[PDB]
$ cat my_file_3.txt   # compact mmCIF, C-alpha atoms and all ligand atoms
# COMPACT_ATOMS: atom_id res chain seq x y z
CA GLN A 5 -51.34 -57.73 22.50
CA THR A 6 -49.49 -60.59 24.22
CA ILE A 7 -51.06 -62.64 27.02
CA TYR A 8 -48.48 -61.03 29.31
CA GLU A 9 -49.85 -57.57 28.38
CA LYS A 10 -53.47 -58.79 28.67
CA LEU A 11 -52.72 -59.99 32.26
CA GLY A 12 -51.37 -56.48 33.07
CA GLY A 13 -47.64 -56.68 32.36
CA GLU A 14 -44.75 -56.68 34.75
CA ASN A 15 -46.46 -55.39 37.99
CA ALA A 16 -49.25 -57.88 37.52
CA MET A 17 -46.79 -60.76 37.07
CA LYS A 18 -44.82 -59.75 40.16
CA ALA A 19 -48.08 -59.81 42.15
CA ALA A 20 -49.32 -63.11 40.60
CA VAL A 21 -46.25 -65.30 41.21
CA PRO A 22 -46.11 -65.04 45.04
CA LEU A 23 -49.88 -65.35 45.24
CA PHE A 24 -49.62 -68.52 43.10
CA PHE A 25 -46.93 -69.80 45.46
CA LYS A 26 -49.20 -68.91 48.49
CA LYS A 27 -51.94 -71.20 46.97
CA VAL A 28 -49.47 -73.98 45.85
CA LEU A 29 -47.89 -74.08 49.33
CA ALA A 30 -51.36 -74.53 50.82
CA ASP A 31 -52.46 -77.31 48.42
CA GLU A 32 -52.14 -80.83 49.87
CA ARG A 33 -51.51 -82.26 46.40
CA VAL A 34 -48.27 -80.39 45.79
CA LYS A 35 -47.01 -78.22 48.70
CA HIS A 36 -44.58 -80.84 49.93
CA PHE A 37 -42.49 -80.80 46.66
CA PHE A 38 -41.30 -77.37 47.87
CA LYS A 39 -40.10 -78.41 51.33
CA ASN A 40 -36.39 -77.78 50.62
CA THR A 41 -36.84 -75.10 47.93
CA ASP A 42 -35.21 -71.68 48.15
CA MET A 43 -38.54 -69.78 47.55
CA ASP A 44 -36.86 -66.39 46.73
CA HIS A 45 -34.84 -68.00 43.97
CA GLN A 46 -37.79 -70.00 42.77
CA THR A 47 -39.96 -66.74 42.74
CA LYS A 48 -37.46 -65.13 40.43
CA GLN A 49 -37.13 -68.20 38.08
CA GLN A 50 -40.84 -68.72 37.86
CA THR A 51 -41.54 -64.98 37.23
CA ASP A 52 -38.88 -65.04 34.42
CA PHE A 53 -40.28 -68.30 32.97
CA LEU A 54 -43.92 -67.22 32.91
CA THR A 55 -43.00 -63.78 31.62
CA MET A 56 -41.07 -65.34 28.72
CA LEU A 57 -43.77 -68.01 28.00
CA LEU A 58 -46.68 -65.53 27.91
CA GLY A 59 -44.93 -63.09 25.54
CA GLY A 60 -43.20 -60.56 27.86
CA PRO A 61 -39.43 -59.95 27.83
CA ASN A 62 -37.33 -63.11 27.54
CA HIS A 63 -34.83 -63.11 30.41
CA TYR A 64 -35.35 -66.75 31.46
CA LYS A 65 -31.97 -68.37 32.12
CA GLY A 66 -33.12 -71.42 34.02
CA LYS A 67 -33.40 -75.12 33.34
CA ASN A 68 -35.72 -76.61 30.70
CA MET A 69 -38.91 -78.26 32.03
CA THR A 70 -37.54 -81.78 31.91
CA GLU A 71 -34.34 -80.90 33.78
CA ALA A 72 -36.23 -78.72 36.27
CA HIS A 73 -38.40 -81.68 37.36
CA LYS A 74 -35.92 -84.49 36.84
CA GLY A 75 -36.19 -87.32 39.35
CA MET A 76 -39.58 -86.07 40.77
CA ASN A 77 -41.64 -88.54 38.62
CA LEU A 78 -44.43 -86.02 38.65
CA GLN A 79 -47.97 -87.36 37.95
CA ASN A 80 -50.86 -85.82 36.06
CA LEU A 81 -52.71 -84.88 39.28
CA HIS A 82 -49.68 -82.69 40.29
CA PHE A 83 -49.82 -80.77 37.00
CA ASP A 84 -53.61 -80.30 37.25
CA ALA A 85 -53.03 -78.83 40.71
CA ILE A 86 -50.44 -76.32 39.50
CA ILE A 87 -52.79 -75.12 36.67
CA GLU A 88 -55.77 -74.92 39.05
CA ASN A 89 -53.73 -72.78 41.46
CA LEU A 90 -52.45 -70.44 38.69
CA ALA A 91 -56.03 -70.07 37.41
CA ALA A 92 -57.35 -69.32 40.90
CA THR A 93 -54.51 -66.77 41.43
CA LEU A 94 -55.28 -64.88 38.22
CA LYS A 95 -59.06 -64.97 38.95
CA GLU A 96 -58.49 -63.59 42.46
CA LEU A 97 -56.39 -60.78 40.85
CA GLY A 98 -59.30 -59.85 38.55
CA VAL A 99 -58.22 -61.50 35.21
CA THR A 100 -61.20 -62.59 33.02
CA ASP A 101 -61.86 -66.29 32.26
CA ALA A 102 -60.90 -65.74 28.55
CA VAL A 103 -57.41 -64.45 29.41
CA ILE A 104 -56.78 -67.15 32.07
CA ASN A 105 -57.69 -69.74 29.40
CA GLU A 106 -55.30 -68.29 26.88
CA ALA A 107 -52.51 -68.45 29.43
CA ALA A 108 -53.40 -71.98 30.53
CA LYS A 109 -53.44 -73.13 26.92
CA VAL A 110 -49.78 -72.04 26.48
CA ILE A 111 -48.63 -73.53 29.78
CA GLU A 112 -50.44 -76.80 29.16
CA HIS A 113 -47.90 -77.66 26.33
CA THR A 114 -45.28 -78.12 29.03
CA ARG A 115 -47.08 -81.08 30.66
CA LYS A 116 -45.38 -83.87 28.65
CA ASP A 117 -41.94 -82.27 29.28
CA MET A 118 -42.15 -82.62 33.08
CA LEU A 119 -44.39 -85.63 33.93
CA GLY A 120 -42.65 -88.89 34.76
CA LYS A 121 -39.11 -87.48 34.73
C1 LIG B 1 -46.41 -80.54 37.97
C2 LIG B 1 -46.38 -80.07 39.21
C3 LIG B 1 -45.08 -79.27 39.50
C4 LIG B 1 -44.33 -79.39 40.61
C5 LIG B 1 -44.71 -80.36 41.78
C6 LIG B 1 -43.22 -78.49 40.45
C7 LIG B 1 -42.23 -78.44 41.41
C8 LIG B 1 -41.01 -77.88 41.19
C9 LIG B 1 -39.85 -77.92 42.10
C10 LIG B 1 -39.84 -78.69 43.50
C11 LIG B 1 -38.80 -77.32 41.55
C12 LIG B 1 -37.39 -76.93 42.06
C13 LIG B 1 -36.40 -77.80 42.81
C14 LIG B 1 -35.59 -76.67 43.54
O1 LIG B 1 -34.81 -75.95 42.85
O2 LIG B 1 -35.77 -76.44 44.76
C15 LIG B 1 -39.23 -76.74 40.22
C16 LIG B 1 -38.47 -76.02 39.39
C17 LIG B 1 -39.15 -75.25 38.38
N1 LIG B 1 -40.51 -75.51 37.99
FE1 LIG B 1 -41.84 -76.65 38.61
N2 LIG B 1 -43.18 -77.74 39.22
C18 LIG B 1 -44.39 -78.28 38.69
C19 LIG B 1 -44.97 -77.76 37.51
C20 LIG B 1 -44.44 -76.64 36.93
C21 LIG B 1 -44.99 -75.81 35.82
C22 LIG B 1 -46.42 -76.16 35.25
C23 LIG B 1 -44.07 -74.88 35.49
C24 LIG B 1 -44.12 -73.70 34.43
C25 LIG B 1 -45.30 -73.55 33.95
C26 LIG B 1 -42.90 -75.04 36.36
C27 LIG B 1 -41.80 -74.27 36.28
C28 LIG B 1 -40.66 -74.48 36.98
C29 LIG B 1 -39.50 -73.64 36.77
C30 LIG B 1 -39.24 -72.39 35.89
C31 LIG B 1 -38.48 -74.17 37.74
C32 LIG B 1 -37.07 -73.61 37.97
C33 LIG B 1 -35.97 -74.21 37.15
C34 LIG B 1 -34.65 -73.50 37.50
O3 LIG B 1 -34.45 -73.19 38.75
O4 LIG B 1 -33.77 -73.41 36.65
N3 LIG B 1 -43.27 -76.10 37.14
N4 LIG B 1 -40.50 -77.15 40.17

$ encode --input "my_file_3.txt" --output "structure tokens"
Amino acid sequence: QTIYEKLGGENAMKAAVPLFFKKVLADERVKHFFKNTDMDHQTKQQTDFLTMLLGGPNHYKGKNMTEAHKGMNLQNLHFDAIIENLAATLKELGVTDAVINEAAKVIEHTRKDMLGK
């Protein structure tokens, strides 16, 4: 069983990513980083990245997490906000706390790759 399957597979991921962006783009700590972002493109990259990271098909062709956030000098409070919004998204979509934690635990390894770049 992969975390991707536990979350409900492809239709669940396609629902979760725009709901995660709806919470990110409402969060004072991080919404402004997206001011000039093409959000259709970013929906596709982020769906492909999370799907690959959580054990679904690997079709991610984007940048690595240092390149993706290069020159943003992101701080720990920004990464906490992204995790909090993904957790709130998956909870609103009916995922149990155990599965949200498994997913967060994988994503958390990316923190050192993108902070302070
Ligand atoms: C730490 C707070 C974070 C902020 C403020 C943030 C913000 C951003 C922004 C502004 C861009 C794109 C610049 C543009 O193309 O318009 C980007 C690219 C990306 N971010 Fe983040 N991100 C953060 C954390 C995360 C996390 C935790 C992940 C994955 C778990 C992630 C995955 C990505 C991916 C896949 C891209 C796309 C790279 C590509 O287009 O090739 N980010 N991010």

$ closest_atom_pairs --input "my_file_3.txt" --of "stretch 13-73 of chain A" --to "stretch 94-111 of chain A" --cutoff "10 Å" --atoms "all atoms listed in the file" --output "CSV"
residue,atom,partner,partner_atom,distance
A:16,CA,A:97,CA,8.4
A:17,CA,A:94,CA,9.5
A:19,CA,A:97,CA,8.5
A:20,CA,A:94,CA,6.7
A:21,CA,A:94,CA,9.5
A:23,CA,A:94,CA,8.9
A:24,CA,A:94,CA,8.3
A:54,CA,A:111,CA,8.5
A:57,CA,A:110,CA,7.4
A:58,CA,A:107,CA,6.7

$ residues_near_ligand --input "my_file_3.txt" --ligand "ligand LIG 1 (chain B)" --cutoff "10 Å" --atoms "all atoms listed in the file" --output "ChimeraX atom specification"
/A:28,33-43,45-54,57,64-74,76-87,90,107-108,110-120

$ write_last_selection --input "my_file_3.txt" --atoms "C-alpha atoms" --output "short mmCIF file (atom, residue, chain, number, x, y, z; two decimals), in the frame of the given file"
data_model
loop_
_atom_site.label_atom_id
_atom_site.label_comp_id
_atom_site.auth_asym_id
_atom_site.auth_seq_id
_atom_site.Cartn_x
_atom_site.Cartn_y
_atom_site.Cartn_z
CA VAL A 28 -49.47 -73.98 45.85
CA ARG A 33 -51.51 -82.26 46.40
CA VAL A 34 -48.27 -80.39 45.79
CA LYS A 35 -47.01 -78.22 48.70
CA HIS A 36 -44.58 -80.84 49.93
CA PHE A 37 -42.49 -80.80 46.66
CA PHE A 38 -41.30 -77.37 47.87
CA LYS A 39 -40.10 -78.41 51.33
CA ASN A 40 -36.39 -77.78 50.62
CA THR A 41 -36.84 -75.10 47.93
CA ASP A 42 -35.21 -71.68 48.15
CA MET A 43 -38.54 -69.78 47.55
CA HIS A 45 -34.84 -68.00 43.97
CA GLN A 46 -37.79 -70.00 42.77
CA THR A 47 -39.96 -66.74 42.74
CA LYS A 48 -37.46 -65.13 40.43
CA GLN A 49 -37.13 -68.20 38.08
CA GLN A 50 -40.84 -68.72 37.86
CA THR A 51 -41.54 -64.98 37.23
CA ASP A 52 -38.88 -65.04 34.42
CA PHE A 53 -40.28 -68.30 32.97
CA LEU A 54 -43.92 -67.22 32.91
CA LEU A 57 -43.77 -68.01 28.00
CA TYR A 64 -35.35 -66.75 31.46
CA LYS A 65 -31.97 -68.37 32.12
CA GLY A 66 -33.12 -71.42 34.02
CA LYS A 67 -33.40 -75.12 33.34
CA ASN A 68 -35.72 -76.61 30.70
CA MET A 69 -38.91 -78.26 32.03
CA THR A 70 -37.54 -81.78 31.91
CA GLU A 71 -34.34 -80.90 33.78
CA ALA A 72 -36.23 -78.72 36.27
CA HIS A 73 -38.40 -81.68 37.36
CA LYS A 74 -35.92 -84.49 36.84
CA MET A 76 -39.58 -86.07 40.77
CA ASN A 77 -41.64 -88.54 38.62
CA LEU A 78 -44.43 -86.02 38.65
CA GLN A 79 -47.97 -87.36 37.95
CA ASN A 80 -50.86 -85.82 36.06
CA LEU A 81 -52.71 -84.88 39.28
CA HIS A 82 -49.68 -82.69 40.29
CA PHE A 83 -49.82 -80.77 37.00
CA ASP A 84 -53.61 -80.30 37.25
CA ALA A 85 -53.03 -78.83 40.71
CA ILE A 86 -50.44 -76.32 39.50
CA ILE A 87 -52.79 -75.12 36.67
CA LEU A 90 -52.45 -70.44 38.69
CA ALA A 107 -52.51 -68.45 29.43
CA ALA A 108 -53.40 -71.98 30.53
CA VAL A 110 -49.78 -72.04 26.48
CA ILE A 111 -48.63 -73.53 29.78
CA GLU A 112 -50.44 -76.80 29.16
CA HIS A 113 -47.90 -77.66 26.33
CA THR A 114 -45.28 -78.12 29.03
CA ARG A 115 -47.08 -81.08 30.66
CA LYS A 116 -45.38 -83.87 28.65
CA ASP A 117 -41.94 -82.27 29.28
CA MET A 118 -42.15 -82.62 33.08
CA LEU A 119 -44.39 -85.63 33.93
CA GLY A 120 -42.65 -88.89 34.76
#

$ atom_distance --input "my_file_3.txt" --atom1 "atom CA of residue A:6" --atom2 "atom CA of residue A:60"
7.3 Å

$ atom_distance --input "my_file_3.txt" --atom1 "atom CA of residue A:59" --atom2 "atom CA of residue A:18"
15.0 Å

$ atom_distance --input "my_file_3.txt" --atom1 "atom CA of residue A:31" --atom2 "atom CA of residue A:121"
21.7 Å

$ axis_aligned_box --input "my_file_3.txt" --around "stretch 95-100 of chain A" --padding-each-side "3 Å" --output "lines of an AutoDock Vina configuration file"
center_x = -58.8
center_y = -62.4
center_z = 37.7
size_x = 10.8
size_y = 11.1
size_z = 15.4

$ closest_residue --input "my_file_3.txt" --among "A:93, A:5, A:75, A:62" --to "residue A:22" --atoms "all atoms listed in the file"
A:93
